[PDB]
Structures are given as structure tokens and as C-alpha cells.
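J.: Below is the structure I would like to discuss, written out as C-alpha cells.
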Amino acid sequence: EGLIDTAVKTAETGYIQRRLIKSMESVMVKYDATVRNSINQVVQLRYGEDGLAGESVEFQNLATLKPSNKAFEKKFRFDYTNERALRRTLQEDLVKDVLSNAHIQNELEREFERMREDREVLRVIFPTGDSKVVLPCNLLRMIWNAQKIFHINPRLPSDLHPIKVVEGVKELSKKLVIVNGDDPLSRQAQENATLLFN
Amino acid sequence: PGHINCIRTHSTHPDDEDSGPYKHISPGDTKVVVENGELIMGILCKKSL
Amino acid sequence: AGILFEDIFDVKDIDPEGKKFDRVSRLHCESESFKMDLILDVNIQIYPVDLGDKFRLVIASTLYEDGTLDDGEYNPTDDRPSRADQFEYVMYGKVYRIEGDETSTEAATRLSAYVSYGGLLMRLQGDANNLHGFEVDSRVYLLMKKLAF
Amino acid sequence: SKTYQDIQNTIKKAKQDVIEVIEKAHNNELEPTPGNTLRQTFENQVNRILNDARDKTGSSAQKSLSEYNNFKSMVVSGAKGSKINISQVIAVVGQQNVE
Amino acid sequence: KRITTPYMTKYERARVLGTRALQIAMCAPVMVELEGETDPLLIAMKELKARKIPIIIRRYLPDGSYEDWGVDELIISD
Amino acid sequence: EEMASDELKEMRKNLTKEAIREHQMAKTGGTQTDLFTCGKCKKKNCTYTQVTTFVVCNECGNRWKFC
Amino acid sequence: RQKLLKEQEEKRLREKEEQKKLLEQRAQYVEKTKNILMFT
Amino acid sequence: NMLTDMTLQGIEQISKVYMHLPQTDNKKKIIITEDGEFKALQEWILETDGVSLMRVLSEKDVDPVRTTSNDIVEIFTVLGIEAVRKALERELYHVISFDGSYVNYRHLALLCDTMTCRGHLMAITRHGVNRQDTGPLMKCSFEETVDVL
Amino acid sequence: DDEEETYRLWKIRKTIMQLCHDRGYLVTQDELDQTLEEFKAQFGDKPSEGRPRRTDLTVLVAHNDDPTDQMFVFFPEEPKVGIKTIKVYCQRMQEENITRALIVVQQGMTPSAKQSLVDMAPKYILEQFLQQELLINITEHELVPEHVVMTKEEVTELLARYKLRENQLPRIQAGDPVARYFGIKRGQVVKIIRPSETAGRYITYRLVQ
């Protein structure tokens, strides 16, 4: 049987494999960054709906998708009220900022609301609770590289101010541009194309 | 090369090892850990190479 | 100085999991003045030990008795005063984890410093004050030596 | 030899179990599995018994192999072969299917 | 108002390097110091790193418009 | 059916119950175990089969393998 | 708390909008049932 | 004819209907709990050896949201070209991943997009890709060589 | 069975309401959400000759964005309507400026009836569904993403941002089930918002042709 199927798999499968290529030979990614064909009919507006080359993406996990509505809160919320807890992670000056500055506190709350909305989004994108996703940057390995390059020692209290995280990520979301433009249609499609990575 | 970081489980890694103790000090030297481009732990196999 | 930790120890089990390797055995050992715990892999082929073997274990930051930091390269050809000269089994390794019972509010009471000696693992576990000399990703030397008692 | 004795005992039990399933079918005592014909029920029962036999024997074989065994070392590296090859070489080649 | 990616794609990099190396092999004046090499592809690669390749890249958009991009303006990737 | 003899009612009930039992799909066999924790639902109700260990969670239907 | 109250009463206005659109739609259905009649 | 042809029950194409309780999680029902957990439910699902998708979806107590046809042509007539894109993508992914292998989604999305780009199911055949208005020198490269020329 | 017919007609009516409101033909929520119970109560569970009878099951209804844009929805008395039969309705339509008429034909039109339909259509755009197709809202299906009909103003902006001729967009054929659901016509463009596993969301456009 294996010797027969070896021979048989040869003939058909290659036919399967020419027809595909002839159907798709000229489909390519234009400088518009859209995926068109010979006659220039637009097949995809962005390559793969995201505009990213297939090599550079990896297997990551969506942290917010799985967890319960309570383990999500105690993990993505950054309570500012536990002064004792803050002085553990944050230095003695950052805590008094976080402990006192109403703008800091409300900005952190706004961030948590944004994560909560992203969570509901993810749960409409990935029902069945499938945390495993394919995305360009390996964030957890970049973080781990950061811990190993600057010698973090995750046991001393850190000097990274929370809102420097918030605003740094906000500003980073600006530089990961897939659909270039300031037009509402282009800001919308940039927001969509970089929605899961964001 | 460089400072790679990755974690892998050697093919024989017993699945009940990450639950009990010895989680980070594996009896059978499964659990490949590379840190700063340094093989700290674990046997390498197809799962890691 | 660079002496990070020292205690009397004794071996209280070897390979409780069964002998996973032929030249390497898990030692499960207890300290005596601090009653910390140790899980150490020794090259049981060139340095055999048995249950109830008592030993000094001096985990040190550097071999040199003047405490000058080594560069971490193997050189031989060296006169300098070296702690190794008064031990029997010396290993060199990378502290790769420091777990502990940290809570969200108040610090760990106990730490488990994990060290990899080129792949031979050690976990030293006990009250944190004896482990304050350990920080993750730091070079250390094992310098153990059996007490004839 | 203890491993071979275990393998042979397992196969003997599996052969006896298949004989008993045949007896159950011959006497019309074998109630069909839902959806299956009685023949499909019988064939599923026998295939399950014999797959379980081949698997149990393959495991008992693998469980016998020392860390020195050079099939084990090529398998657990993933370099060549697989646990089913160790099984077929040591324990039992198993059911030969066509189509 | 150039809207294309500001990065030199790997196709533009392959073609630019081969074309410039051809021009060098035809005794074109080099735009970079030769520390003593003679392969036209090695020179073309050095010029690429120096961003001194005297070539602009006309990227056609699917509407049939085009954009011209120097080889010092866009960000060379590798 | 409601006017039938008690014997004929019980016969019809038995035939209906047997027809339902015959049309029930066989539950896929395997060794039930609590050794495996499901990565999706975190429950321990799993079934395994060795051929490589294939594992199925009986609660969420998640499937995975060990080599 | 005051912001919550004003949001609540805004939601009540948004309900009233649908209520009055329904009253509109029934208002034209009274005219149009006549049309259905003369048609049917 | 009445014996063979007169339908007492069912619908003419549904030659037989199985009845399974799903064991995987991919034909299970998934329901976000009140607490946010996912909690895959195990609900009875039917299957068939024939297809009559629109009539089946119409049935009471059939789920019209989830019921699907394993037949890209049927789904085209009932659910239209974009549902065809999704269905075809899922069937193709099913055949590819069934053996445990994995292919990036870009290549599946791209194939299913080319096959659905013109609003009908564009077969990947002379009958399908030469109907496309690509231009004669491209169609002769494939099939019907001189006929297209 | 008047009972099963009652269920069918209710299900159709609800689906029709959803179709309308997705077109933006205004439906009250209490009509759009109708359960079978208020259906039965209103129509008396007697389709053939009671109050659910198909021509009195009609509605005369208006678009939400233009209350003068009005559709007279007819379940025909004739399961297979004819020219005469559609024509008389158009006769009584003609008394009013109303034009649209979604026809919920059971068997579909006689092809002659279909011709009379398309003849009067450009003045009174009567349009046909087979009630079978209305037992289910296909846009409810998990495979059917969110279609949205673009306005001509924003179709032009779409073609202008990408610098893209309407000839180069993907196509959807006007007979497509969802195209018919939305009632779109040739040269119109539908926005389609898909969940995407690589991007999270993908908006694609299909021109009706």
C-alpha cells in the first residue's frame, strides 16, 4: 500500500500544485502595500489582512483572553491604594506620585478600561478561548532580553514610572504603522490592521 | 551565539514535573533553559534544535 | 571577602527519584547551624558521597582568599592564594533563579537560590538572611569538603 | 526475558480476548454499536483489542530499554525513528491493513 | 508626499546592489573609499552601507503613478 | 398510543428506548486520567491514548500530544 | 456620583427617543392601515 | 414508487444522520461564564452524509448560527460569497491541519481570496482561471493553450 | 398545518423586520423583536382564512432615513404569482407614490410574472424573496460577516484614498444571498468587517457587479 500511494501521490499532487501557481502566479504586494494581481484587481487590501511577511511572525499568547473576570482584574489593574504593595515594586518617590496624583490614578484606570474593552474584542475575535496567536514581535522574549541586558534583578523596587509605561505604549502604537495616512478611512484601517498586535 | 533566551522541554520531559517541586531544578535534566546564550539546564533534542 | 555562605551540612538522601545519570547523583542534604536545605548534583564518579556524609560547603563569590574578583576565564598557572587549595570538590556556576515566599505586601521569609554548575544544578533553600549573598545571574563557586568527624 | 514474557502474556490475553469477541459475535451475543453494523461492531472491537495489545506491548518494550539503548537514543533525540518503530522491532509488528 | 514604505525592500536591495556592482565593474567612479578590495559586489555593498550609491528607485504604484527614492533617503534594512 | 394496552405501551416504550440506544454514537475509547491538566479550562478530566501520548479533555474537547 | 446620575437620565432620554419614534410609527400606521385596506 | 420515493420523514438529500456528543473542543459549544471563564459545554450535535443546508437551517431547534455544510458550493448558494470565503478557508485549514501540520494563515487567506475575488467561486482549473480576464498570453501558459490563443 | 404555518409565517415576519431595519426601513422594536406569541395574538393562528392571511399580513412601511421612501411588503395570495396577479397589486400601489415592494413569494414568480416585475420595478421596485430563504436570517450565521452598504459619497472617498478604480475592487454578485438581503444593486459597494486572526479586524469592500 505504501509503495502504491507513494507512486499515486506523485502524479495528482503535482497537478494540484501547478494549478494553484498558475491561478496565483502574479498576485503580489504592490508599493501601495496592497495585494493585487496582473490585471490590478485588489485581492487583499493588506497582505494577510495585516501587511506582515510570513517569516517574521511567531507564536505568542494573548494574556487577557483566557483569564476570568476576576483574575483579569487582579493582574492588569495596578491598584494605587496599597501603599505597602507599591513600595515593594516601585521606589519611594514613584509610590508617592502614584499614591497622590489623581491624573496618574485616572490614567491607569483608563488604561484598565481600555484593556477590558480589548478583552471583549478578543473574545469576539477568538471565541473558543484560543490564546495561541501568531504575531510579529515576541514580546515576552523581548522583555526577557531586556531583563538580561540591563540586569534587572526582579527583586529590588523598580524605577519605571507606571505612566511612563502607559504613555510609552501609547506612543509606540503610533509608530507601528501598517496603513499610512491621516484620512479617517486610513486611520480606521491602520487601527484594524494593527489591532491584535496592539 | 549572542545572548539568546529560550525555554524548551526535552522530549522526555515528564509532564508532571512542572507541577511538583524541582520545577526549576529538574531531576532528569529535561527543561532546556538558555539564558544570555548559555545552556543552563536541559538536554537538547529536536524540540530545541 | 567573597564568602557568600557557609555551613555544616550532611547528606540525607541521594537520588530519591532514582539514579537519572551515571556520573551524577542528586544529593539531598541538610544544613546544621541554619537547618537550611540543599539539593546538589555532584560528579559522583570523581567525588563519591553517601547518605550521612558530613561536609563543609563554602559557596564563595571568588576563589581568591584576598577576595579579588576573577574574570571567569579558566586559567591555570597561578600562585595566588585560592580558597580551592583547602577544599576537595569545587564547582563554578551561574545563579539562575532566586525564588522565595514573597507576598504582594511584605517580603519573602525564605529564599531558594538555584545555581547551575555548567548544567549540574543546585538549589539552596532556607531563611533569606543566609541567602542575601545570592543575586540572579551571578558567578559563584561551590567549594565543598567532606568532614571526617 | 521478563519483558518478552510480559509481551507474550499481553498478546496471549489479546488473542484470547479476540477469540471471546468472536464467540460473542458467533452466538449473536455481540450487540451492535449504534450506527455500526454488527460486522462493523465486531471489526471495531477487534481493532481496538489489537491496537491496545500493540500499544501495551510497545510500552512494555520501551519501558525495558536502558538509557544505553541506541534505539532509545535515536528516538528521544528525534534524530530518526519513533516509539512505534521500537515497538515493531522489539514487541510486535501488529495489524497489517490494506485500505 | 511620498507614501511608500521608507525602507529599502529586499528586492530593491538585491537589484540596487547588482546594478551598482555592474556599474562599478564597468569602471564607474566609486562613491566610497576602497580600503583595498576589488570585487564589484563588495564595493557595491560598502557603498550601500555608506549610503553613497548614486541610484534612485522609481517605485510604481498600481495606479501607474511613481515615486522616486534616492538610496540615501530610505532606510536600508540589512 | 395512549389508548393501547399496557403491554403494547410498554413494548413501544422499550422499542423506542432500544432505537435511541442503538443510534447513540459510541463514546471514543481511551484511558481516563487526572494526571493531565487541560491548558484551556484547567480541569483534570482527561482521556489519553498511546501510539506518542494523545490527550483529550472531556470537559472542553481540547486535544494535545506528548512526544 | 453626579456624573453617574446625569448618564442615567441621559439613557432615559435615549429610551424616550425610541418611545416617541414608536409613537410616530404607529401614528403613520393609522393612516396606512387604511391604505392596506383599500389595497387588499 | 411510493415505497422507494414517498418521503415520510427527513429531507431528500440527507441520506443518513448521525448523532454525536463532541469530545474535542472544536465542535463543542463555548459559553463565557458569568465570571469570564470559557467553559466548553458538551452538547449533542448531528452530522450527515448529504447536504440540504437551507432546509436544515430552517428547522426549529436547529442552530442557524453555527450549522455549517462542509460544502463550499452549498454555502455559496445559501450564504453568499463572503461566507464562502470563510467556509472554504475553514475546510482548507481542516484538511491541512488534520495531519497535525501547520501553514501560515496568510497563504490560506490569499488562496481563498483569489478563489472568491470576483464574487463567484473561481475554480482553479482551465474552466475557472481562464474564464478570468487575465489576458491571452497567461491563459495559454496553463491549459487550452492554442484554444485561448 | 396551520400551527407549523403559523411558526413559519412568524419566523418570516421577524426575519423581514430584521432585513428592513438592516436596510434602515424603520421597524419598531416591539415589531422587530416579535415573539411567536404576539404574532399569534395579532394574527389569530389561522393563516389561510384568519388574520394571518398573506395579503393582510402585508405591511406598508417607510424608510427610517426617509419616511417617504415607502415599501409595501406582500406575501402573495398566489404561491406562484402571475403578471395579472402582481399587476393588480401594482394597480392598487399606483394610487400612492409608494414604489418598493419586497414580495415574499412562496413558490416564486411565474417567469412571466418576473418579467412584469422587472418592467414595473424601475417605477415600483418590487423585489422577490422565496419565503424558504426568509426562515433564516443568513446575516445571523457565523460565517456571514457584517456587511454594510456604503453611501455613494463614501464610495468615492474609498476609491480616492486607494486611488483605485471601481473596476479593481472585489466583486459580489447582485443575486448573492446577502446582496439580496441588503437589496443592493449593480455598482453599489458593500463594506465587510471581518474578524481576522492575523490582524483582529479586516475591512474589505465588494462592488455589486
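Residues in the C-alpha cells are named by chain (A, B, ... in the order shown) and by number from 1 within that chain; ligands are numbered from 1 in the order shown.
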Select residues of chain D: the criterion is any atom within 8 Å of an atom of chain F, counting only C-alpha atoms; output as a CSV table (one decimal) with N, CA, C and O atoms, in the first residue's frame.
T.:
chain,number,residue,atom,x,y,z
D,32,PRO,N,-24.7,-4.7,18.4
D,32,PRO,CA,-24.0,-3.7,17.6
D,32,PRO,C,-23.8,-2.4,18.4
D,32,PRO,O,-24.7,-2.0,19.1
D,33,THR,N,-22.7,-1.7,18.2
D,33,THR,CA,-22.5,-0.3,18.5
D,33,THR,C,-23.5,0.5,17.7
D,33,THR,O,-23.7,0.2,16.5
D,34,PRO,N,-24.1,1.5,18.2
D,34,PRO,CA,-25.0,2.4,17.4
D,34,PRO,C,-24.4,2.9,16.2
D,34,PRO,O,-23.2,3.2,16.1
D,35,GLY,N,-25.2,2.9,15.1
D,35,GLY,CA,-24.7,3.3,13.8
D,35,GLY,C,-24.0,2.2,13.0
D,35,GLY,O,-24.1,2.1,11.8
D,55,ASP,N,-0.1,-1.5,21.6
D,55,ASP,CA,0.3,-0.3,22.4
D,55,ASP,C,0.9,-0.7,23.7
D,55,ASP,O,1.9,-0.2,24.1
D,83,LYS,N,8.8,5.8,18.6
D,83,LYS,CA,8.4,4.7,19.5
D,83,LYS,C,7.7,3.6,18.9
D,83,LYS,O,7.8,2.4,19.3
D,84,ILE,N,6.9,3.8,17.8
D,84,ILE,CA,6.3,2.7,17.1
D,84,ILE,C,7.3,1.8,16.4
D,84,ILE,O,7.1,0.6,16.3
J.: How would you write, as number ranges by chain, the set of residues in chain I that DSSP gives as strand (DSSP E)?
T.: I: 59-62, 70-73, 101-105, 126-130, 146-149, 171-172, 189-194, 202-208
J.: Which residues, written as a PDB file with N, CA, C and O atoms, in the first residue's frame, have at least one atom at most 10 Å from residue C:22, with only C-alpha atoms counted and residues fewer than 3 positions away on the same chain left out?
T.:
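Output below, filename out09.pdb:
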ATOM      1  N   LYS C  19      18.337   6.958  40.204  1.00  0.00           N
ATOM      2  CA  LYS C  19      19.569   7.458  39.611  1.00  0.00           C
ATOM      3  C   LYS C  19      19.410   7.810  38.139  1.00  0.00           C
ATOM      4  O   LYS C  19      19.540   6.947  37.268  1.00  0.00           O
ATOM      5  N   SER C  25      24.786  12.279  40.646  1.00  0.00           N
ATOM      6  CA  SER C  25      23.670  11.962  41.517  1.00  0.00           C
ATOM      7  C   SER C  25      23.169  13.222  42.196  1.00  0.00           C
ATOM      8  O   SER C  25      23.959  14.070  42.610  1.00  0.00           O
ATOM      9  N   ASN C  43      29.481  15.398  40.709  1.00  0.00           N
ATOM     10  CA  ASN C  43      30.088  14.379  39.861  1.00  0.00           C
ATOM     11  C   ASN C  43      30.432  13.172  40.722  1.00  0.00           C
ATOM     12  O   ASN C  43      31.561  12.981  41.176  1.00  0.00           O
ATOM     13  N   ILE C  44      29.428  12.330  40.939  1.00  0.00           N
ATOM     14  CA  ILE C  44      29.512  11.239  41.900  1.00  0.00           C
ATOM     15  C   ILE C  44      30.559  10.219  41.477  1.00  0.00           C
ATOM     16  O   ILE C  44      30.808   9.248  42.196  1.00  0.00           O
ATOM     17  N   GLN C  45      31.175  10.416  40.313  1.00  0.00           N
ATOM     18  CA  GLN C  45      32.184   9.489  39.826  1.00  0.00           C
ATOM     19  C   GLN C  45      33.572   9.825  40.348  1.00  0.00           C
ATOM     20  O   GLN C  45      34.317   8.923  40.743  1.00  0.00           O
TER      21      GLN C  45
ATOM     22  N   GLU D  67      18.858   3.393  29.316  1.00  0.00           N
ATOM     23  CA  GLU D  67      19.391   4.645  28.799  1.00  0.00           C
ATOM     24  C   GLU D  67      20.503   4.425  27.785  1.00  0.00           C
ATOM     25  O   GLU D  67      20.811   5.339  27.015  1.00  0.00           O
TER      26      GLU D  67
END
J.: Tell me, counting only C-alpha atoms, for each residue of chain A within 12 Å of chain D, which pair of atoms is nearest and how far apart they are in Å to one decimal, in rows ordered by chain and increasing number, as JSON lines.
T.:
{"residue": "A:1", "atom": "CA", "partner": "D:98", "partner_atom": "CA", "distance": 6.4}
{"residue": "A:2", "atom": "CA", "partner": "D:98", "partner_atom": "CA", "distance": 9.5}
{"residue": "A:3", "atom": "CA", "partner": "D:98", "partner_atom": "CA", "distance": 11.8}
{"residue": "A:4", "atom": "CA", "partner": "D:98", "partner_atom": "CA", "distance": 11.0}
{"residue": "A:5", "atom": "CA", "partner": "D:99", "partner_atom": "CA", "distance": 10.6}
J.: Using only C-alpha atoms, can you tell me which of D:22, D:11, D:49, D:79 comes closest to chain B?
T.: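 Using only C-alpha atoms, chain B sits closest to D:79.
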J.: What separation in Å, quoted to one decimal, exists between atom CA of residue C:5 and atom CA of residue A:150?
T.: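 Result for atom CA of residue C:5 versus atom CA of residue A:150: 26.2 Å, one decimal.
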J.: Rank I:106, I:131, I:99, I:6 by their smallest atom-to-atom distance to residue I:48, using only C-alpha atoms, and report the top residue only.
T.: I:6
J.: Only residues of chain F matter here; which ones have an atom within 12 Å of chain A, counting only C-alpha atoms? Give them as a list in words.
T.: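 Going by the stated atoms only, the list reads residues 39, 40, 41, 42, 60, 61 and 62 of chain F.
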J.: Determine which residues of chain B sit within 6 Å of chain D, taking into account only C-alpha atoms, and present them as a list in words.
T.: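 Going by the stated atoms only, the list reads residues 11, 45 and 46 of chain B.
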J.: With only C-alpha atoms considered, list every residue of chain B at most 12 Å from chain A, as a PyMOL selection string.
T.: chain B and resi 2-7+34-38
J.: May I have the residues within 8 Å of stretch 23-40 of chain E as a list in words, using only C-alpha atoms and disregarding those fewer than 3 positions away in the same chain?
T.: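 Listed by chain and then number, they are residues 19, 20, 43, 44, 46, 47, 50, 52, 53 and 54 of chain E.
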J.: Go ahead and save the residues from that selection, with C-alpha atoms, as a PDB file, in the first residue's frame.
T.:
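Output file selection.pdb follows:
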ATOM      1  CA  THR E  19      23.150  47.133 -10.699  1.00  0.00           C
ATOM      2  CA  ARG E  20      25.669  49.213  -8.796  1.00  0.00           C
ATOM      3  CA  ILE E  43      32.294  47.645  -3.255  1.00  0.00           C
ATOM      4  CA  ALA E  44      28.604  47.955  -4.060  1.00  0.00           C
ATOM      5  CA  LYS E  46      30.147  49.110   1.070  1.00  0.00           C
ATOM      6  CA  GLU E  47      28.587  51.936  -0.931  1.00  0.00           C
ATOM      7  CA  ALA E  50      27.791  54.313   3.232  1.00  0.00           C
ATOM      8  CA  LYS E  52      26.583  56.686  -1.337  1.00  0.00           C
ATOM      9  CA  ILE E  53      25.088  54.670  -4.216  1.00  0.00           C
ATOM     10  CA  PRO E  54      24.171  57.208  -6.928  1.00  0.00           C
TER      11      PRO E  54
END
J.: What lies within 10 Å of stretch 22-32 of chain G using only C-alpha atoms, ignoring chain neighbours under 6 positions off, as a list in words?
T.: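 So the residues in contact are residues 16 and 38 of chain G; 26, 27, 28, 29, 30, 31, 59, 60, 61, 62, 64 and 67 of chain I.
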J.: Since we have the selection now, will you write its residues out, keeping N, CA and C atoms, as a PDB file, in the first residue's frame?
T.:
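Listing of selection13.pdb after writing:
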ATOM      1  N   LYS G  16     -36.656  57.440  25.776  1.00  0.00           N
ATOM      2  CA  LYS G  16     -37.772  58.258  25.312  1.00  0.00           C
ATOM      3  C   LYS G  16     -37.712  58.515  23.811  1.00  0.00           C
ATOM      4  N   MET G  38     -57.794  49.637   1.419  1.00  0.00           N
ATOM      5  CA  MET G  38     -58.171  49.913   0.032  1.00  0.00           C
ATOM      6  C   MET G  38     -57.327  49.142  -0.978  1.00  0.00           C
TER       7      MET G  38
ATOM      8  N   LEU I  26     -37.593  51.486   8.803  1.00  0.00           N
ATOM      9  CA  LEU I  26     -37.841  51.582  10.231  1.00  0.00           C
ATOM     10  C   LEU I  26     -38.854  50.534  10.659  1.00  0.00           C
ATOM     11  N   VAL I  27     -38.493  49.796  11.698  1.00  0.00           N
ATOM     12  CA  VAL I  27     -39.378  48.888  12.407  1.00  0.00           C
ATOM     13  C   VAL I  27     -39.340  49.290  13.870  1.00  0.00           C
ATOM     14  N   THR I  28     -40.500  49.302  14.516  1.00  0.00           N
ATOM     15  CA  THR I  28     -40.494  49.468  15.958  1.00  0.00           C
ATOM     16  C   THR I  28     -39.868  48.237  16.598  1.00  0.00           C
ATOM     17  N   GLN I  29     -39.200  48.453  17.730  1.00  0.00           N
ATOM     18  CA  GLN I  29     -38.551  47.338  18.404  1.00  0.00           C
ATOM     19  C   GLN I  29     -39.560  46.258  18.762  1.00  0.00           C
ATOM     20  N   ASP I  30     -40.758  46.657  19.188  1.00  0.00           N
ATOM     21  CA  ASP I  30     -41.777  45.679  19.542  1.00  0.00           C
ATOM     22  C   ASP I  30     -42.278  44.909  18.329  1.00  0.00           C
ATOM     23  N   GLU I  31     -42.091  45.450  17.125  1.00  0.00           N
ATOM     24  CA  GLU I  31     -42.331  44.702  15.897  1.00  0.00           C
ATOM     25  C   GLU I  31     -41.088  43.948  15.454  1.00  0.00           C
ATOM     26  N   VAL I  59     -47.484  44.711   5.129  1.00  0.00           N
ATOM     27  CA  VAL I  59     -47.249  45.998   5.778  1.00  0.00           C
ATOM     28  C   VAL I  59     -46.942  47.049   4.720  1.00  0.00           C
ATOM     29  N   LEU I  60     -47.479  48.250   4.924  1.00  0.00           N
ATOM     30  CA  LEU I  60     -46.994  49.476   4.299  1.00  0.00           C
ATOM     31  C   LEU I  60     -46.087  50.243   5.253  1.00  0.00           C
ATOM     32  N   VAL I  61     -44.824  50.419   4.856  1.00  0.00           N
ATOM     33  CA  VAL I  61     -43.746  50.804   5.757  1.00  0.00           C
ATOM     34  C   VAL I  61     -42.853  51.802   5.028  1.00  0.00           C
ATOM     35  N   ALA I  62     -42.081  52.553   5.812  1.00  0.00           N
ATOM     36  CA  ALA I  62     -41.262  53.649   5.320  1.00  0.00           C
ATOM     37  C   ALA I  62     -39.816  53.435   5.739  1.00  0.00           C
ATOM     38  N   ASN I  64     -36.421  54.549   7.446  1.00  0.00           N
ATOM     39  CA  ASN I  64     -36.123  55.371   8.615  1.00  0.00           C
ATOM     40  C   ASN I  64     -35.419  56.671   8.248  1.00  0.00           C
ATOM     41  N   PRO I  67     -38.997  58.974   5.492  1.00  0.00           N
ATOM     42  CA  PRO I  67     -40.334  58.397   5.687  1.00  0.00           C
ATOM     43  C   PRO I  67     -41.187  58.395   4.434  1.00  0.00           C
TER      44      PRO I  67
END
J.: Show me, as an mmCIF file with N, CA and C atoms, in the first residue's frame, the residues that have an atom within 10 Å of residue F:66 when counting only C-alpha atoms, minus same-chain residues fewer than 3 positions from it.
T.:
data_model
loop_
_atom_site.group_PDB
_atom_site.id
_atom_site.type_symbol
_atom_site.label_atom_id
_atom_site.label_comp_id
_atom_site.auth_asym_id
_atom_site.auth_seq_id
_atom_site.Cartn_x
_atom_site.Cartn_y
_atom_site.Cartn_z
ATOM 1 N N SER B 11 12.393 16.048 24.983
ATOM 2 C CA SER B 11 11.334 15.146 24.551
ATOM 3 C C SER B 11 10.832 14.265 25.682
ATOM 4 N N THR B 12 11.704 13.878 26.604
ATOM 5 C CA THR B 12 11.325 13.006 27.704
ATOM 6 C C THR B 12 10.819 13.763 28.922
ATOM 7 N N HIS B 13 10.639 15.069 28.825
ATOM 8 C CA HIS B 13 10.212 15.845 29.974
ATOM 9 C C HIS B 13 8.922 15.256 30.530
ATOM 10 N N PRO B 14 8.911 14.742 31.758
ATOM 11 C CA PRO B 14 7.655 14.245 32.327
ATOM 12 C C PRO B 14 6.711 15.391 32.654
ATOM 13 N N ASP B 15 5.482 15.294 32.154
ATOM 14 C CA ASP B 15 4.561 16.419 32.231
ATOM 15 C C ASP B 15 4.176 16.758 33.663
ATOM 16 N N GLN F 50 -1.939 6.025 23.772
ATOM 17 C CA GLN F 50 -0.541 5.986 23.345
ATOM 18 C C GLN F 50 -0.416 5.239 22.021
ATOM 19 N N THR F 52 4.082 8.154 21.371
ATOM 20 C CA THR F 52 3.384 9.441 21.421
ATOM 21 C C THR F 52 2.079 9.299 22.197
ATOM 22 N N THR F 53 1.888 10.135 23.214
ATOM 23 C CA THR F 53 0.665 10.155 24.025
ATOM 24 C C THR F 53 -0.281 11.237 23.514
ATOM 25 N N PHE F 54 -1.451 10.861 23.005
ATOM 26 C CA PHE F 54 -2.535 11.776 22.636
ATOM 27 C C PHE F 54 -3.472 11.969 23.820
ATOM 28 N N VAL F 55 -3.809 13.214 24.149
ATOM 29 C CA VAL F 55 -4.679 13.562 25.278
ATOM 30 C C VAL F 55 -5.842 14.425 24.801
#
J.: As an exercise, work out the distance from atom CA of residue I:4 to atom CA of residue H:65 in Å and give it to one decimal place.
T.: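 Between these atoms lies a distance of 21.4 Å.
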J.: Using only C-alpha atoms and a cut-off of 6 Å, which residues of chain I sit close to chain A? Please list them as a list in words.
T.: residues 168, 169, 195, 199, 200, 201 and 202 of chain I
J.: Based on the selection just made, write C-alpha atoms of those residues as a PDB file, in the first residue's frame.
T.:
ATOM      1  CA  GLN I 168     -10.491  46.825  -9.417  1.00  0.00           C
ATOM      2  CA  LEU I 169     -12.436  46.080  -6.246  1.00  0.00           C
ATOM      3  CA  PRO I 195     -12.778  39.294  12.412  1.00  0.00           C
ATOM      4  CA  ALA I 199      -4.914  41.342  12.407  1.00  0.00           C
ATOM      5  CA  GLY I 200      -8.006  41.278  14.614  1.00  0.00           C
ATOM      6  CA  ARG I 201     -10.182  43.131  12.161  1.00  0.00           C
ATOM      7  CA  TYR I 202     -10.231  43.406   8.393  1.00  0.00           C
TER       8      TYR I 202
END
J.: Which residues of chain I have any atom within 6 Å of an atom in chain H when counting only C-alpha atoms, and what is the closest pair of atoms for each, with the distance in Å to one decimal? Order the rows by chain and rising number and write it as a tab-separated table.
T.:
residue	atom	partner	partner_atom	distance
I:135	CA	H:58	CA	5.5
I:136	CA	H:58	CA	5.9
I:140	CA	H:65	CA	5.9
I:141	CA	H:65	CA	4.1
I:142	CA	H:65	CA	5.4
I:143	CA	H:83	CA	4.8
I:144	CA	H:83	CA	4.8
I:170	CA	H:117	CA	5.0
I:171	CA	H:119	CA	4.5
I:172	CA	H:119	CA	4.1
I:173	CA	H:119	CA	5.7
I:176	CA	H:80	CA	5.2
I:177	CA	H:80	CA	5.3
J.: Emit the selected residues as a compact mmCIF listing (two decimals), in the first residue's frame, including C-alpha atoms.
T.:
# COMPACT_ATOMS: atom_id res chain seq x y z
CA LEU I 135 -36.98 31.25 7.54
CA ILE I 136 -33.35 32.08 8.40
CA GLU I 140 -27.07 35.87 11.64
CA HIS I 141 -24.87 32.98 10.53
CA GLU I 142 -21.37 32.90 12.00
CA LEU I 143 -19.90 32.59 8.50
CA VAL I 144 -21.59 35.76 7.19
CA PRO I 170 -13.53 42.54 -5.45
CA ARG I 171 -17.00 41.74 -6.71
CA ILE I 172 -20.19 40.50 -5.16
CA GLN I 173 -22.98 39.45 -7.49
CA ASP I 176 -25.79 36.81 -3.82
CA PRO I 177 -27.93 35.94 -0.76
J.: Please return, as a list in words, all residues of chain A lying within 9 Å of chain C when only C-alpha atoms are considered.
T.: residues 82, 83, 84, 85, 86, 87, 88, 148, 151, 153, 154 and 155 of chain A
J.: Keeping only C-alpha atoms, write those residues as an mmCIF file, in the first residue's frame.
T.:
data_model
loop_
_atom_site.group_PDB
_atom_site.id
_atom_site.type_symbol
_atom_site.label_atom_id
_atom_site.label_comp_id
_atom_site.auth_asym_id
_atom_site.auth_seq_id
_atom_site.Cartn_x
_atom_site.Cartn_y
_atom_site.Cartn_z
ATOM 1 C CA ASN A 82 -1.954 49.514 48.524
ATOM 2 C CA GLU A 83 0.946 51.735 49.563
ATOM 3 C CA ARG A 84 2.707 48.743 51.114
ATOM 4 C CA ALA A 85 2.440 46.816 47.867
ATOM 5 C CA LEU A 86 3.689 49.741 45.806
ATOM 6 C CA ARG A 87 6.855 50.352 47.811
ATOM 7 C CA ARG A 88 7.795 46.725 47.082
ATOM 8 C CA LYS A 148 19.061 40.089 30.825
ATOM 9 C CA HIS A 151 20.426 43.141 34.649
ATOM 10 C CA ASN A 153 17.058 41.745 39.264
ATOM 11 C CA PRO A 154 13.278 41.485 39.704
ATOM 12 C CA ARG A 155 13.606 41.711 43.477
#
J.: Interatomic distance between atom CA of residue D:27 and atom CA of residue H:16?
T.: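 Atom CA of residue D:27 sits 29.1 Å away from atom CA of residue H:16.
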